[PDB]
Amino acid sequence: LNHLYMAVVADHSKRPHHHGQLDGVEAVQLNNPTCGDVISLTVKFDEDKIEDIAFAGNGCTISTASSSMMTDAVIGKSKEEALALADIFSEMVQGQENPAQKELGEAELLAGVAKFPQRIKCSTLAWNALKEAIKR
């Protein structure tokens, strides 16, 4: 029942979702905890919502997985909705319990990074590139 989790996290790191870059969209680039992760996160908004999203970069398994899962979780949400999820994720990876972590989708599998301090920032990188993208 747990072996499936490894396959889901592995799939997000090896075959990222919403990977690459969107056309005609000024990307948002941030980088490392210290680990050496980087991401270019192009985000499209048609309304206040997120029409589409895409990312590219280089990181550890944790950081790539987390970027990939972040895209799934936020696609078609809202400056504020997306930003609330970011807060939810960020709090989850500091050991907080919250039923709302369900709204994170497969990113919920990264609850375990709260036990690895150096990994916190690996996992949040994508979320913070999102925060910046929304806030333009």
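A residue's number is simply how far along the shown sequence it sits, counting from 1.
*Asks:* State the tercile, meaning the lowest, middle or highest third, of residue 112 with respect to the CA B-factors recorded for its chain.
*Replies:* For residue 112, the deposited C-alpha B-factor lands in the highest third.
*Asks:* Please rank the C-alpha B-factors of the chain's modelled residues and tell me whether residue 13 sits in the lowest, middle or highest third.
*Replies:* Residue 13: CA B-factor falls in the middle third of its chain.
*Asks:* Ranked by Cα temperature factor within the chain, is residue 56 in the lowest third, the middle third or the highest third?
*Replies:* Top third by C-alpha B-factor.
*Asks:* Rank-wise, by C-alpha B-factor, drop residue 26 into the lowest, middle or highest third of its chain.
*Replies:* According to the entry, residue 26 has a C-alpha B-factor in the chain's highest third.
*Asks:* Split into thirds by Cα B-factor across the chain's modelled residues, where does residue 35 land: lowest, middle or highest?
*Replies:* Highest third.
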